[PDB]
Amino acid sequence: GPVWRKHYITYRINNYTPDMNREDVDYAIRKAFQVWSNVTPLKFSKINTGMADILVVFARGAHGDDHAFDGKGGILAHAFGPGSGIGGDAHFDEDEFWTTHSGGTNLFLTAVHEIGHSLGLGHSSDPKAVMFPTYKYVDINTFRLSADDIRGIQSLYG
């Protein structure tokens, strides 16, 4: 399916979850993009105004696309594959409790998975892969993509 056909990609944080400090939201999303630019030719930059390639949004329940959220638990987030408009956007369910650590749902780890979809990756059947479609906390300070994530992204870029 689709990929970004350019190397400089922008993101914008539309709004901030009250679950976290603002600077911690910024850092979690920045670190999550860095996971992917570590293993591709892509470069990611945060913009504070205008149209981004990837718009990062916190929202709950029905929020203007055809992918309504479901309250606490269940669906944690979703993202759209590369393309114009909503393409690339990553939406995080505000009914979850986002954190920097092992409590609640860790924003960084979730954003790594969603940004994988924003770049064109699907799900992996390997439980070790960040693209495996079940959230599990792992220590974020030593986090690494699996071999499967690496082969997957490198099949699309680089």
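Start at 1 and count along the sequence shown; that's the residue number.
Annotation for 64-72 versus 90-98: the higher mean temperature factor (C-alpha) is found in 64-72. Here 52-60 and 120-128 are compared by their mean Cα B-factor, and 120-128 comes out higher.
In the deposited entry, the Cα temperature factor of residue 148 sits in the top third of values across the chain's modelled residues. When the modelled residues of the chain are ordered by their C-alpha B factor, residue 20 lands in the lowest third. Residue 138: CA B factor in the highest third of modelled residues in this chain (values from the PDB entry).
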